[PDB]
Amino acid sequence: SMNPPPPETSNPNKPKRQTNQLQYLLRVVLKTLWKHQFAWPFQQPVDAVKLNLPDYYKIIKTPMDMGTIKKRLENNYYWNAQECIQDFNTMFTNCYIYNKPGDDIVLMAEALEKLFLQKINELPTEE
Ligand SMILES: CC1(CCC(=O)NCc2nc3ncccc3[nH]2)N=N1
């Protein structure tokens, strides 16, 4: 039931950019979800020890969370918006895969995902 090292948030040789779409992903998308009453389970990697989920990392092999995403955005880790959008979708999908319909954690993810979809719908044109 040990925890893996977190997903990478720093890699100097990896290519990155600062673009208007990525700026929107930080200023609008992340900020909106981060402040939500249901954000707290998703603000850091799943701690399988603390949450007593010893099978978690036997099932979820591409873990993702908003703490990781926040650091990726703030530390200019990404090349493009698609990469960051994929991280959010991974985070939601992991939750749905591991858990059961109507679990509280799933209801929480669904509420965050609703807002995510609304904001991604208005992702600005690349400048
Ligand atoms: C609501 C609950 C208690 C029950 C619980 O641990 N369920 C499993 C679980 N899946 C998760 N996916 C992402 C983040 C946290 C997660 N926890 N406190 N998390």
# chains A, B, ... in the order shown; residues from 1 in each chain; ligands from 1

$ residues_around --residues "stretch 19-26 of chain A" --least-positions-apart "5" --cutoff "10 Å" --atoms "only C-alpha atoms" --output "VMD selection string"
chain A and resid 31 to 32 69 to 74 76 78 to 85 116 119 to 120 122 to 127

$ residues_around --residues "residue A:47" --least-positions-apart "5" --cutoff "12 Å" --atoms "only C-alpha atoms" --output "PyMOL selection string"
chain A and resi 1-6+41-42+52-57+63-65

$ residues_around --residues "residue A:34" --least-positions-apart "5" --cutoff "8 Å" --atoms "only C-alpha atoms" --output "PyMOL selection string"
chain A and resi 39-40+43+66

$ write_last_selection --atoms "N, CA, C and O atoms" --output "JSON list (two decimals), in the first residue's frame"
[["chain", "number", "residue", "atom", "x", "y", "z"],
["A", 39, "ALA", "N", -13.42, 20.26, -3.93],
["A", 39, "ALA", "CA", -12.06, 20.20, -4.46],
["A", 39, "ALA", "C", -11.13, 19.36, -3.59],
["A", 39, "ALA", "O", -10.21, 18.71, -4.11],
["A", 40, "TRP", "N", -11.35, 19.34, -2.27],
["A", 40, "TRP", "CA", -10.31, 18.91, -1.35],
["A", 40, "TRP", "C", -9.77, 17.50, -1.64],
["A", 40, "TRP", "O", -8.57, 17.30, -1.48],
["A", 43, "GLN", "N", -6.97, 17.84, -4.43],
["A", 43, "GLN", "CA", -5.96, 18.90, -4.39],
["A", 43, "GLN", "C", -4.56, 18.35, -4.17],
["A", 43, "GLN", "O", -3.63, 19.13, -4.08],
["A", 66, "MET", "N", -5.34, 17.57, -9.02],
["A", 66, "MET", "CA", -5.22, 18.99, -9.33],
["A", 66, "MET", "C", -4.00, 19.64, -8.68],
["A", 66, "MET", "O", -3.57, 20.69, -9.12]]

$ closest_atom_pairs --of "chain A" --to "ligand 1" --cutoff "7 Å" --atoms "only C-alpha atoms and all ligand atoms" --output "tab-separated table"
residue	atom	partner	partner_atom_place_in_ligand_line	distance
A:41	CA	ligand 1	14 (C)	4.6
A:42	CA	ligand 1	14 (C)	5.2
A:46	CA	ligand 1	14 (C)	5.3
A:51	CA	ligand 1	6 (O)	5.2
A:53	CA	ligand 1	8 (C)	6.9
A:94	CA	ligand 1	12 (N)	6.9
A:95	CA	ligand 1	12 (N)	4.5
A:98	CA	ligand 1	10 (N)	6.4
A:99	CA	ligand 1	10 (N)	6.1
A:104	CA	ligand 1	1 (C)	5.6
A:105	CA	ligand 1	1 (C)	4.6

$ write_last_selection --atoms "N, CA, C and O atoms" --output "PDB file, in the first residue's frame"
ATOM      1  N   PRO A  41     -10.546  16.482  -2.061  1.00  0.00           N
ATOM      2  CA  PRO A  41      -9.941  15.169  -2.287  1.00  0.00           C
ATOM      3  C   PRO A  41      -8.969  15.132  -3.460  1.00  0.00           C
ATOM      4  O   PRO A  41      -8.153  14.196  -3.556  1.00  0.00           O
ATOM      5  N   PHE A  42      -9.089  16.145  -4.328  1.00  0.00           N
ATOM      6  CA  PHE A  42      -8.399  16.206  -5.604  1.00  0.00           C
ATOM      7  C   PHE A  42      -7.268  17.231  -5.592  1.00  0.00           C
ATOM      8  O   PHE A  42      -6.593  17.386  -6.609  1.00  0.00           O
ATOM      9  N   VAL A  46      -3.611  11.019  -4.569  1.00  0.00           N
ATOM     10  CA  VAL A  46      -4.260  10.037  -3.717  1.00  0.00           C
ATOM     11  C   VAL A  46      -3.215   9.410  -2.801  1.00  0.00           C
ATOM     12  O   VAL A  46      -2.220   8.836  -3.249  1.00  0.00           O
ATOM     13  N   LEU A  51      -5.767   6.989   3.175  1.00  0.00           N
ATOM     14  CA  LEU A  51      -7.152   6.665   2.834  1.00  0.00           C
ATOM     15  C   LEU A  51      -7.447   5.170   2.913  1.00  0.00           C
ATOM     16  O   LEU A  51      -8.558   4.747   2.609  1.00  0.00           O
ATOM     17  N   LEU A  53      -6.446   2.568   1.025  1.00  0.00           N
ATOM     18  CA  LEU A  53      -6.800   2.085  -0.298  1.00  0.00           C
ATOM     19  C   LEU A  53      -5.609   1.295  -0.836  1.00  0.00           C
ATOM     20  O   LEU A  53      -4.943   1.695  -1.785  1.00  0.00           O
ATOM     21  N   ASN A  94      -9.873   8.228 -13.575  1.00  0.00           N
ATOM     22  CA  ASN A  94      -9.336   7.399 -12.499  1.00  0.00           C
ATOM     23  C   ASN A  94     -10.360   7.212 -11.381  1.00  0.00           C
ATOM     24  O   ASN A  94     -10.573   6.102 -10.861  1.00  0.00           O
ATOM     25  N   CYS A  95     -11.002   8.314 -10.997  1.00  0.00           N
ATOM     26  CA  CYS A  95     -11.962   8.286  -9.908  1.00  0.00           C
ATOM     27  C   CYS A  95     -13.145   7.391 -10.266  1.00  0.00           C
ATOM     28  O   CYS A  95     -13.596   6.588  -9.452  1.00  0.00           O
ATOM     29  N   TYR A  98     -11.961   3.615 -10.329  1.00  0.00           N
ATOM     30  CA  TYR A  98     -11.671   2.989  -9.048  1.00  0.00           C
ATOM     31  C   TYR A  98     -12.938   2.796  -8.211  1.00  0.00           C
ATOM     32  O   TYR A  98     -13.050   1.823  -7.468  1.00  0.00           O
ATOM     33  N   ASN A  99     -13.854   3.771  -8.272  1.00  0.00           N
ATOM     34  CA  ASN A  99     -15.003   3.839  -7.379  1.00  0.00           C
ATOM     35  C   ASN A  99     -16.257   3.308  -8.065  1.00  0.00           C
ATOM     36  O   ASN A  99     -16.217   2.812  -9.186  1.00  0.00           O
ATOM     37  N   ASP A 104     -19.762   8.908  -2.781  1.00  0.00           N
ATOM     38  CA  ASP A 104     -19.610  10.340  -2.560  1.00  0.00           C
ATOM     39  C   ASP A 104     -18.481  10.900  -3.436  1.00  0.00           C
ATOM     40  O   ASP A 104     -18.631  11.967  -4.028  1.00  0.00           O
ATOM     41  N   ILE A 105     -17.356  10.177  -3.537  1.00  0.00           N
ATOM     42  CA  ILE A 105     -16.211  10.710  -4.258  1.00  0.00           C
ATOM     43  C   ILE A 105     -16.543  10.882  -5.746  1.00  0.00           C
ATOM     44  O   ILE A 105     -16.082  11.810  -6.371  1.00  0.00           O
TER      45      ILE A 105
END

$ atom_distance --atom1 "atom CA of residue A:115" --atom2 "atom CA of residue A:18"
23.5 Å

$ atom_distance --atom1 "atom CA of residue A:37" --atom2 "atom CA of residue A:108"
8.9 Å

$ closest_residue --among "A:75, A:45, A:35, A:87" --to "residue A:112" --atoms "only C-alpha atoms"
A:35

$ select_by_dssp --residues "chain A" --states "helix (DSSP H, G or I)" --output "ChimeraX atom specification"
/A:20-34,40-42,56-59,66-74,81-98,104-121

$ closest_residue --among "A:103, A:77, A:89, A:7" --to "residue A:61" --atoms "only C-alpha atoms"
A:7

$ closest_residue --among "A:11, A:117, A:60, A:29" --to "residue A:93" --atoms "only C-alpha atoms"
A:60

$ atom_distance --atom1 "atom CA of residue A:97" --atom2 "atom CA of residue A:58"
12.4 Å

$ closest_residue --among "A:110, A:13, A:91, A:50" --to "residue A:62" --atoms "only C-alpha atoms"
A:91
